[PDB]
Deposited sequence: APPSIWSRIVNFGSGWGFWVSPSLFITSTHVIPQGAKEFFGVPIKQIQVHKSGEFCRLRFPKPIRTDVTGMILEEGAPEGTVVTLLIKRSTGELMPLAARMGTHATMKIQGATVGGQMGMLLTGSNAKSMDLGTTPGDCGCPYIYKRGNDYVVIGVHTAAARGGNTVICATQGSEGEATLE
């Protein structure tokens, strides 16, 4: 993926988050810090936080990342679409993993219900990777489809948290 997209991925709590636009920031519910009084200098009360299972969306009252453009955000990718899971590691190493996305579904993961899309990695995902984006290109427009939330032990299945309607 291009550098402009990688720069949108920043460390966030126990995982990562993705600047969809200067004002919109998506991450995993499992990683958002629950005791924080602010994110990126903005008092938490001024941030509009939305939550759809494991998809956590933060709308900021003013542009924060003015250097980025507004990307397309969609609920998953068409079934069979090969996407790239942009994993950043704590070291700073970039570890783009290719995945073929599959069934959209409401899934039960460890008792909890998760809205998202199953994928298959095509050297895998690890505990610190949640919140990293699933990205693919459609023509000339890059598209983010969700954020990493889970991966099935004993197989290549990974779970991409998506946002509902």
I have the full deposited sequence and the modelled structure. Can you tell me which residue ranges, counted from 1, have no C-alpha coordinates? 123 to 131, 175 to 181
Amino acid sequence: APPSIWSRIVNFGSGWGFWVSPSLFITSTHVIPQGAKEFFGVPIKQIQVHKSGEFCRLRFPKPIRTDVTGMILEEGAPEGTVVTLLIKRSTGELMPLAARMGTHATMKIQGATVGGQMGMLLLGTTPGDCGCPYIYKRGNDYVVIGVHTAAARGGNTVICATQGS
From here on, numbers count along this sequence of modelled residues.
Quick one: say whether 55 to 63 or 134 to 142 has the higher mean Cα B-factor in the deposited entry. 134 to 142
Please compare 23 to 31 with 123 to 131 and say which has the higher mean C-alpha temperature factor in the record. 123 to 131
For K108, return the chain-relative third of its C-alpha B-factor as stated in the PDB record: lowest, middle or highest. middle
Can you tell me which third, lowest, middle or highest, the CA B-factor of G41 falls into for its chain? highest
Of the three thirds of its chain by CA temperature factor, lowest, middle or highest, which one includes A151? middle
For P78, the third of its chain into which the C-alpha B factor falls: middle
When the deposited Cα B-factors of this chain's modelled residues are ordered and cut into thirds, is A98 in the lowest, the middle or the highest one? middle
